[PDB]
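Novice: Structure below; questions to follow.
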Amino acid sequence: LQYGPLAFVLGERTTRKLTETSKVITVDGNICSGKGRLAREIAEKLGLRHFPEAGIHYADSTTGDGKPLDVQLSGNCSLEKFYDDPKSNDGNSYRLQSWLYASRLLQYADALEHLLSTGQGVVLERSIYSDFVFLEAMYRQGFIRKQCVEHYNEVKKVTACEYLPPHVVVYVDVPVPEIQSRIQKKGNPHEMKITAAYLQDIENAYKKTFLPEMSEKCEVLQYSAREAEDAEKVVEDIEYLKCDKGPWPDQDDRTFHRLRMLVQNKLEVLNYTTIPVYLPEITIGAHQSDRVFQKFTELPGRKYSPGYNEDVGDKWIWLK
Amino acid sequence: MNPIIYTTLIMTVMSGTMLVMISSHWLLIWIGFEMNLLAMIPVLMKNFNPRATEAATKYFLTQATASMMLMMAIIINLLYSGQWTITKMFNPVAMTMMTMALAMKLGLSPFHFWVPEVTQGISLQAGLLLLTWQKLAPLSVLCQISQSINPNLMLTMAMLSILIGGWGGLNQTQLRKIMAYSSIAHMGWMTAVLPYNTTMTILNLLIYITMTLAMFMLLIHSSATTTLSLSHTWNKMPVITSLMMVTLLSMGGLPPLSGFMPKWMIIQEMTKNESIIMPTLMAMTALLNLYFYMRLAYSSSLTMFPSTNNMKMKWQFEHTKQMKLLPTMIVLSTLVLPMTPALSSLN
Amino acid sequence: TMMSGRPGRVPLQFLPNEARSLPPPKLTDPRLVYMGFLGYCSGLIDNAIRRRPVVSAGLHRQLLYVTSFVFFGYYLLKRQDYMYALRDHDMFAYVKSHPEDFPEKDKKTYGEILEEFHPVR
Amino acid sequence: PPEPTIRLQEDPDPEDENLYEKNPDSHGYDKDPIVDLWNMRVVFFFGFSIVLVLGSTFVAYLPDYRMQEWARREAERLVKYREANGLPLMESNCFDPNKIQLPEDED
Amino acid sequence: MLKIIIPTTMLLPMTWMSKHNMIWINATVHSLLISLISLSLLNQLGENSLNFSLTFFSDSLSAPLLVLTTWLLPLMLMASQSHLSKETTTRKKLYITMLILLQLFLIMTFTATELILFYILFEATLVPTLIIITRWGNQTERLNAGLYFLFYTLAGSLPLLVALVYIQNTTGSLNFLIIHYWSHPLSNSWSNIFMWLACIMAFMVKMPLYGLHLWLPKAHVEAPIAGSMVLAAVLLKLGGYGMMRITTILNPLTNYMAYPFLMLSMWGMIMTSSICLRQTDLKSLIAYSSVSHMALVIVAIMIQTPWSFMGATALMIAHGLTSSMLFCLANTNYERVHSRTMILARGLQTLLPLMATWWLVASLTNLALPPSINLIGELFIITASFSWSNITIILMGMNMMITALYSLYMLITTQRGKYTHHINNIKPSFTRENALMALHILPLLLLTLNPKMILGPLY
Amino acid sequence: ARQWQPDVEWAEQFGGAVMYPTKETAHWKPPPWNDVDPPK
Amino acid sequence: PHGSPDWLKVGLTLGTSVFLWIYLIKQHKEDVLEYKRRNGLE
Ligand SMILES: CCCCCCCCCCCCCCCCC[C@@H](O)O[C@H](CO[C@H](O)CCCCCCCCCCCCCCC)COP(=O)(O)OCC[N+](C)(C)C
Ligand SMILES: CCCCCCCCCCCCCCCCC[C@@H](O)O[C@H](CO[C@H](O)CCCCCCCCCCCCCCC)COP(=O)(O)OCC[N+](C)(C)C
Ligand SMILES: CCCCCCCCCCCCCCCCC[C@@H](O)O[C@H](CO[C@H](O)CCCCCCCCCCCCCCC)COP(=O)(O)OCC[N+](C)(C)C
Ligand SMILES: CCCCCCCCCCCCCCCCC[C@@H](O)O[C@H](CO[C@H](O)CCCCCCCCCCCCCCC)COP(=O)(O)OCC[N+](C)(C)C
Ligand SMILES: CCCCCCCC/C=C\CCCCCCCC(=O)O[C@H](COC(=O)CCCCCCC/C=C/CCCCCCCC)COP(=O)(O)OCCN
Ligand SMILES: Nc1ncnc2c1ncn2[C@@H]1O[C@H](COP(=O)(O)OP(=O)(O)O)[C@@H](O)[C@H]1O
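Chains as they are written, first to last, in UniProt numbering: chain G, 38 to 357; chain Z, 1 to 347; chain H, 2 to 122; chain B, 48 to 113, 124 to 164; chain A, 1 to 459; chain U, 40 to 79; chain V, 35 to 76.
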């Protein structure tokens, strides 16, 4: 019995499962920061569930086998090519940005579904909120055009007007020279090509816009590089603050039921990520779409429904 | 809203329609219309937004005016003959006013202006319910008094409705407005045979309801509202586009598909009463409906429009909710021509 | 025709008692076979929409579709045949009861009938 | 104008594949040589050998249902009978006058 | 008849459960087998008909058209085998399904003892054709062509439905036997004039008549090869067959209602023959040739004499086969050239001799050379029109001369002369194309031996 | 060598508010992707 | 998802189909018997 209006009618009330410990938390930081390490510690200490940052092949992990598919069949973009050629002629920058934003939207929907179904809270890296800072960095550096940010804004507003912002925002602050040194120490051959201006734009786009917007409606915990190492103080700060300004207290059983119906059925979640606006960076010709879709169908467990694949090994096909 | 409240409101709408259909008193019929209107408004406003509110208020104003006109007609009929039973109207003015009231309720031209806007403002589910279920009470009332209706008024209103639906469907791009104009044209077709044979009216109503239910369920399945959103569908579920094109061809009156059964039969009936010019005019007018259906089919299935990159992610997820009776609706709306004589069942 | 107001009609009976005086349709009726074919088409379309192996996804579901369609088709055919029998019975009774309006035609032979001849040239 | 001048992402137009280059004796039917050869065989056998010849002979030897020889024999007998007895061959009136009744005019 | 209809229906499950690399073989073999079964229908008798049952009957007018319809499908499959190489299995199966549905609808149409069933299938033949034209078409004008083809036909044929139901209301039956036996003269009245126009225009639009032929060049140019052959060979004969079936109730009104259509056809034959001379396209030229021949058939049917009907049937069959062959040859040229222009590729006879022979034979047959059935039908219609009026011979002779001129122009421009230098992808002709041309042409030279099989019921 | 399929330029014809744009309706705007208007 | 053949639904569907077929056969037999009785054939 999957969740539905009937289950809500009989027994399924999601306001009972919330026990003041849910507290959906997003840990946001600058490129190559210690936030990932910090997020893991918070989830371990508070008993929540940690969601690793959504990448190019995040959606491939949740459908069928967790093994990622080919780059052509999932994303059609690469981060290394963006680092090597930020001003690539074939519009790789926007395609990467949109695929990452939609992956983050899917991850947020999955996290909300888990929270509402189980009651155990979640910890996230950069969410759909704060993802616009990378777009601003790309635009100011000149990587993408203005129509690009207009389309991104349209998609973002349409998709995000239906989700609850996170309870707590945790920000790790690292100065630009320090993270440049960290990048040099990292050793990834593509990452030292990141210009200092790009990181400065990311940081000041974080500080000037995202932080006040989260502050006016949520709780903000700005942490420096040193003081973020001690997770005990972070957890104590998380417990001490009380959430009374966001929409979460105003939600009831009916609104929670509507949100739980929305977060599952991922097609509606991703419905507006493919609005019919034809930018050259994201649009695909008919022949290319046909060929790629045909190649996708030939994958082992993708021709039919999940339970109706003979080659994978599903049996009793003629009676399901 | 709460699922229990939504179910209760739907039951109340159906109960109002049933009360209209099973009652032999004018006052009880008016009560059924009032109950239907009262419970139908929140269904339009299930998804709260300014467009839904404006559509709901337009619908309320039109329905309230129609109900008041209907009550005035009932009062005049009672005055000139102390009878409450729904039978011969016994008065020309009362019959004329009741015909206008039922035209307002149905959506026949020139009282058709509210249908496209109400359909556009409200959601697909609300629109589907409004387009098919609402027609049952006014059509039943019109069938019950078909022996008294003036043929001139009904025939001219039906002709105007067909013309207006055909002309207005050409311009629209949003699918909901196309469906509204399609409904207007189909009702112009269906009410033209009321003075002659009500069985043809019922048969056309059933066929139209099946076709529009199938098309609205297909539109809900592939969540598309504008034409381009429908053009994007072929990249994910080509079967849906193919079935939608077949249903669109059926809705245009192309034989041997099911949609040809009513028109043909209706023409036959009007030929038995030595009415030749009008059926020809309505056929050449339905050619316009066929044209914009064909344009929609060209946009949707017969050609492959450019896609979008993010659509790749939609390839990995399946439709979680499946609506039952969709295959049955498609089959009934496409391949039931060879069983045409079953209309003798007085359906 | 408007047999709705026909006297002695039960308001909500699908098949009146007198309809039992007519031969039931054979189980191998072509129309019943067509209803079975419609049911099979519905089953195939249901398999196609759900993204399942179209021919051999659910045999029980296709069987249920076929059986339901055949059942409804059989009863619908019985009602249709009864209604047509009623129409013919009323027609014949009325033509018998009003001999004045349906006079016997004075039978004539082509030998004593002058039809104009239009040559084709 | 930093626009890429590319309207959309598209595969390049592929060049036509010659069926002879990878397979001489290509028959122009299919790229799989065995299926191709058998397609040619069945097409030639059922088109020329079975239909075009057996069907032609069948049509040639169709029984005379049009009744041409029967009509010739009937005409021969009629002509012989009418010549022997001095009758004037073909008759002007298709139907005998006595059977036919003409409405009187009296005008 | 069900021995023919049932196997055509079984062709669909046969195709859909075939292996991915064996659909063409099975479809071709069983289509040819079906054609052999259809051969039995040809043995007509001088009496009424082969009344199989209450729903289907066969005449000596329906038999040749039925045999041609059943014979065309294997050729359509062999023609479509070329450009569908890079197509997915589902779409190829859908294409074969459309072709099979078209054949089934045509087979049910040509017998159709009742006129309403005939009309229903006559309009049912319109959906698979439109899908084929608008889906598997190369040019971007296939959409406009499909719209023109749909609406030109439907606007003409919609009043026909009203006329038919009116006739059923008054006459009481639409069965063709009862209609023929109980026929009564049509008085000269405005209502009867409009009944005549309604019953005639639906078939004259599809033939097509000059002035309503605008849809035919578009539909023939933008369609794929199989759609082109099925349009030129069988779909054009529906109008003439319907007209010869339905003119049995329009007498004696036709005696003076045929003047506008006779004049239109007798002048449009000259106009389209002249148009063929100045043409930059091959498929358009062949389409206009088809228009000219169908105008001649219209004249023959409207004359309404036994020789007219015999010549009309012979010309129908001959033109169907010849136009199908010409479209095949044009498609084979276009596949190598990829341009579809007459003067872009020249002197192909030096490079492809056997295809030059096929071109010569097809042009000679189109040129109405004796003793081919093309000239048999042509000459019968000429003699009948001469009996109608002695002045028609001028127009008919002018048409004959222009027909010869444009046929030999088509042959010379594409075959003779010096080859174009900058084309080096003219590969040797496959066995498939040669077999296709042979199977197109041999039935014509075989039917010239037994003309009585295609001379219609008035033989 | 390739079957023609609609491109962006062909698809933009159906992207307007209504077909056959005129002077009066040139200033009309398509409804939002979701049926929600700004609260202003 | 990870779903086994639901034997409850399969059993219900088979039972419904078999019951409907048996009922149809019995109804046809009774109808033909009643018609033969009324018309006095057998
Ligand atoms: C696509 C075509 C429409 C299909 C509609 C859906 C089919 C499923 C419906 C299931 C059965 C319907 C009714 C249920 C049976 C019990 C109800 C029964 O008692 O009603 C009787 C009546 O039965 C129904 O009317 C007959 C229903 C049959 C509808 C099918 C006819 C469609 C004809 C063309 C398509 C051929 C069938 C295609 C496959 C279904 C009482 O008649 P009566 O109260 O005294 O007269 C009222 C009407 N008046 C007022 C005008 C006089
Ligand atoms: C390559 C170089 C040449 C090599 C070849 C050398 C050999 C020369 C032979 C070629 C032609 C020479 C002429 C010889 C003709 C003799 C045969 C002829 O007399 O038979 C004809 C018979 O032929 C057939 O009638 C014609 C063929 C039938 C046409 C059907 C076509 C096959 C089906 C394919 C589909 C059709 C598509 C179009 C549908 C309409 C005429 O029949 P008929 O004189 O009376 O009497 C027959 C015997 N009777 C008395 C018992 C009755
Ligand atoms: C030396 C001989 C020269 C002449 C040879 C002529 C051979 C002609 C063969 C071609 C025949 C054409 C097909 C004819 C089909 C029409 C007739 C058909 O419908 O009749 C059916 C009967 O058809 C036959 O039973 C089957 C014939 C099918 C096969 C024909 C032979 C060639 C088949 C080749 C198939 C492939 C061969 C193997 C390839 C690998 C049903 O008959 P029915 O309506 O009950 O009859 C009632 C009257 N009765 C009672 C007196 C009988
Ligand atoms: C454009 C491409 C081709 C399309 C199809 C063309 C074919 C359509 C043409 C119609 C055929 C003829 C129509 C009427 C024929 C009747 C003879 C009549 O025209 O002649 C005179 C009739 O006089 C006048 O013509 C009256 C009619 C005038 C109004 C008709 C419109 C004329 C021009 C319109 C042309 C538009 C054609 C295309 C429309 C889209 C004789 O006078 P009278 O002997 O006393 O009456 C004879 C009839 N009776 C005996 C039953 C009484
Ligand atoms: C490619 C485009 C071709 C378009 C073809 C359209 C024109 C077809 C010809 C006219 C079609 C309508 C005719 C009506 C159908 C016939 C029914 C009939 O015959 O009944 C007549 C009725 O006749 C009519 O009603 C005809 C009215 C016509 C109204 C529609 C006019 C359409 C255009 C007319 C001019 C077109 C003619 C030339 C068209 C050329 C092609 C463009 C008998 O009347 P009763 O009631 O029985 O009277 C008996 C007691 N006295
Ligand atoms: N919208 C985006 N655009 C470009 N790159 C992104 C985007 N989102 C995430 N990334 C990439 O994800 C990588 C991991 O982020 P980061 O947290 O800084 O490193 P780590 O996971 O080691 O802590 C980074 O290299 C960053 O560039």
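Beta carbons: idealized from backbone N, C-alpha and C, even for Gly.
With respect to 6 Å, is the separation between the Cβ of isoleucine 68 of chain G and the closest non-hydrogen atom of ligand 6 below this value?
Specialist: Mapped onto the first sequence, residue 68 of chain G falls at position 31. Yes - ligand 6 has a heavy atom lying nearer than 6 Å to the Cβ of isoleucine 68 of chain G.
Novice: Is the distance from the Cβ of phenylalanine 305 of chain Z to the Cβ of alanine 50 of chain U below 7 Å?
Specialist: Within the second sequence, the letter at position 305 stands for residue 305 of chain Z. Within the sixth sequence, the letter at position 11 stands for residue 50 of chain U. A contact, by the Cβ cut-off of 7 Å.
Novice: Kindly provide the chain-ordered list of residues whose Cβ lies closer than 6 Å to any non-hydrogen atom of ligand 5.
Specialist: The filter returns Z:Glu274, Z:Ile276, Z:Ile277, Z:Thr280, A:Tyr152, A:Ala155, A:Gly156, A:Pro159, A:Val162, A:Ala163, A:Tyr166, A:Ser191, A:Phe194, A:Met195, A:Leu197, A:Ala198, A:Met201, A:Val205 and A:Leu212, in chain order.
Novice: Counting Cβ pairs, one atom from each stretch, are 3 or more of them under 8 Å apart for the segment 5–15 of chain H and the segment 48–61 of chain V?
Specialist: No contact exists between the segment 5–15 of chain H and the segment 48–61 of chain V.
Novice: Shortest alpha-carbon distance to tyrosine 315 of chain G belongs to which of B:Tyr138, B:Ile53 and B:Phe152?
Specialist: Here residue 315 of chain G corresponds to residue number 278 of the first sequence, with the count starting at 1. Nearest of B:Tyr138, B:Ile53 and B:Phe152 to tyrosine 315 of chain G, Cα basis: B:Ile53.
Novice: I'd like the list of long-range same chain contacts for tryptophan 234 of chain Z, defined as Cβ closer than 8 Å, with 5 residues on each side in sequence excluded.
Specialist: The sequence position of residue 234 of chain Z within the second sequence is 234, counting from 1. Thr241, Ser300, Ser301, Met304 and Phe305, listed in sequence order.
Novice: Just grab the DSSP bridge partners of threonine 308 of chain Z for me.
Specialist: On the second sequence, residue 308 of chain Z is found 308 positions in, with the first residue counted as 1. Looking at the DSSP assignment, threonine 308 of chain Z forms a beta bridge with G:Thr320.
Novice: Closer than 7 Å from C-beta to any heavy atom of ligand 8: which residues, in chain order?
Specialist: Of the ligands this structure carries, namely ligand 1, ligand 2, ligand 3, ligand 4, ligand 5 and ligand 6, none is ligand 8.
Novice: In its own chain, which residues sit with a C-beta less than 6 Å from the C-beta of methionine 71 of chain Z, not counting the 5 before and 5 after it?
Specialist: The residue you call residue 71 of chain Z lines up with position 71 of the second sequence. Correct list, in chain order: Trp30.
Novice: By the 10 Å Cβ neighbour count, where 16 or more other Cβ atoms means buried, how is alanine 94 of chain H classified, buried or exposed?
Specialist: Translated into positions along the third sequence, residue 94 of chain H becomes position 93. When all chains shown are included, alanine 94 of chain H counts as exposed.
Novice: Give the range of the beta strand (DSSP E) segment to which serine 261 of chain G is assigned.
Specialist: Taking the first residue of the first sequence as 1, we reach residue 261 of chain G at position 224. Run containing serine 261 of chain G: 256–261, per the beta strand (DSSP E) assignment.
Novice: Taking 7 Å as the threshold (beta carbon to beta carbon), is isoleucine 330 of chain Z in contact with chain H?
Specialist: The residue labelled residue 330 of chain Z in the question sits at position 330 within the second sequence. True, the Cβ-Cβ gap to chain H drops below 7 Å.
Novice: Taking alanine 287 of chain A and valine 221 of chain A to be in contact with their CB atoms under 8 Å, please state how far apart those CB atoms are, rounded to whole angstroms.
Specialist: By one-based count along the fifth sequence, residue 287 of chain A stands at place 287. By one-based count along the fifth sequence, residue 221 of chain A stands at place 221. Rounded, the Cβ-Cβ distance is 7 Å, consistent with contact.
Novice: In whole angstroms, what separates the C-alpha of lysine 63 of chain V from that of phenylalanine 38 of chain H?
Specialist: On the seventh sequence, residue 63 of chain V is found 29 positions in, with the first residue counted as 1. On the third sequence, residue 38 of chain H is found 37 positions in, with the first residue counted as 1. The alpha-carbon atoms of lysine 63 of chain V and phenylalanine 38 of chain H are separated by roughly 24 Å.
Novice: What is the residue span of the alpha helix (DSSP H) that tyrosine 138 of chain G lies within?
Specialist: The residue labelled residue 138 of chain G in the question sits at position 101 within the first sequence. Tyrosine 138 of chain G -> alpha helix (DSSP H) spans 129–155.
Novice: Per DSSP, what are the beta-bridge partners of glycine 59 of chain H in this structure?
Specialist: Within the third sequence, numbered from 1, the residue matching residue 59 of chain H stands at position 58. Its beta-bridge partners are G:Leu356.
Novice: Listing by chain order, which chain H residues have their CB less than 7 Å from the CB of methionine 211 of chain Z?
Specialist: The residue given as residue 211 of chain Z occupies position 211 in the second sequence. Within 7 Å Cβ-Cβ: nothing; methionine 211 of chain Z doesn't reach chain H, min ~15 Å.
Novice: Just to be sure I understand the criterion: a residue counts if its Cβ is closer than 5 Å to at least one heavy atom of ligand 1. Which residues meet that?
Specialist: The filter returns Z:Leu206, Z:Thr210, Z:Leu332, Z:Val336, Z:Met339, Z:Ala342, Z:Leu343, Z:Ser345, Z:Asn347, H:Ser5, H:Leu13 and H:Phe15, in chain order.
Novice: For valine 108 of chain G, does the count of other Cβ atoms within 10 angstroms reach 16, so buried, or fall short, so exposed?
Specialist: The sequence position of residue 108 of chain G within the first sequence is 71, counting from 1. It counts as exposed.
Novice: Starting from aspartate 65 of chain G and walking both ways along the beta strand (DSSP E), at which residues does that stretch end?
Specialist: Within the first sequence, the letter at position 28 stands for residue 65 of chain G. Per DSSP, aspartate 65 of chain G belongs to the beta strand (DSSP E) from 62–66.
Novice: Name, please, each residue of chain A whose Cβ falls closer than 7 Å to the Cβ of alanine 40 of chain U.
Specialist: In the sixth sequence, residue 40 of chain U corresponds to position 1, counting from 1. Within chain A, the residues near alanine 40 of chain U are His338.
Novice: State yes or no: is the C-beta of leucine 137 of chain G nearer than 6 Å to some heavy atom of ligand 6?
Specialist: Taking the first sequence and counting its residues from 1, the one referred to as residue 137 of chain G is at position 100. Yes, the Cβ of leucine 137 of chain G comes within 6 Å of a heavy atom of ligand 6.
Novice: Out of Z:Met157, Z:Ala126 and Z:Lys272, point me to the one whose CA is closest to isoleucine 41 of chain Z's CA.
Specialist: As a working mapping, residue 41 of chain Z is identified with position 41 in the second sequence. Among Z:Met157, Z:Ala126 and Z:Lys272, the Cα nearest to that of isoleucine 41 of chain Z belongs to Z:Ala126.
Novice: Distance cutoff 7 Å, beta carbons only. Does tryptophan 43 of chain U sit that close to anything in chain A?
Specialist: Indexing the sixth sequence from 1 puts residue 43 of chain U at position 4. At least one chain A Cβ lies under 7 Å of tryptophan 43 of chain U.
Novice: For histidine 25 of chain Z and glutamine 83 of chain Z, I'd like the C-alpha separation in whole angstroms.
Specialist: Within the second sequence, the letter at position 25 stands for residue 25 of chain Z. Within the second sequence, the letter at position 83 stands for residue 83 of chain Z. Their Cα atoms are separated by approximately 9 Å.
Novice: Taking the alpha carbon of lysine 72 of chain G as the point to measure from, which residue in G:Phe45, G:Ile93, G:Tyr208 and G:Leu110 has its own alpha carbon closest?
Specialist: What you label residue 72 of chain G is simply residue 35 of the first sequence in a count that begins at 1. Nearest C-alpha to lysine 72 of chain G: G:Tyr208.
Novice: Closest to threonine 85 of chain Z by C-alpha separation, out of Z:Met35, Z:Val43 and Z:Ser23, would be which residue?
Specialist: Mapped onto the second sequence, residue 85 of chain Z falls at position 85. If we check each option's Cα against that of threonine 85 of chain Z, Z:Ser23 comes out closest.
Novice: What are the boundary residues of the beta strand (DSSP E) that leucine 161 of chain G is part of?
Specialist: Position 124 of the first sequence, counting from 1, holds the residue named residue 161 of chain G. Segment 159–161, the beta strand (DSSP E) holding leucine 161 of chain G.
Novice: Starting from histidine 119 of chain H, find everything on chain A with Cβ-Cβ shorter than 9 Å and list it in chain order.
Specialist: On the third sequence, residue 119 of chain H is found 118 positions in, with the first residue counted as 1. Correct list: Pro185, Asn251, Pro252 and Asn255.
Novice: Check each candidate in A:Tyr152, A:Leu32, A:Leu209 and A:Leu446 and name the one with the smallest Cα separation from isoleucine 270 of chain A.
Specialist: Here residue 270 of chain A corresponds to residue number 270 of the fifth sequence, with the count starting at 1. Checking every option, the nearest Cα to that of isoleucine 270 of chain A belongs to A:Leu209.
Novice: Alpha carbon to alpha carbon, how far is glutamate 253 of chain G from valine 206 of chain G?
Specialist: Sequence index remark: in the first sequence, residue 253 of chain G carries index 216 (1-based). Sequence index remark: in the first sequence, residue 206 of chain G carries index 169 (1-based). Distance between the alpha carbons of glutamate 253 of chain G and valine 206 of chain G: 12 Å.
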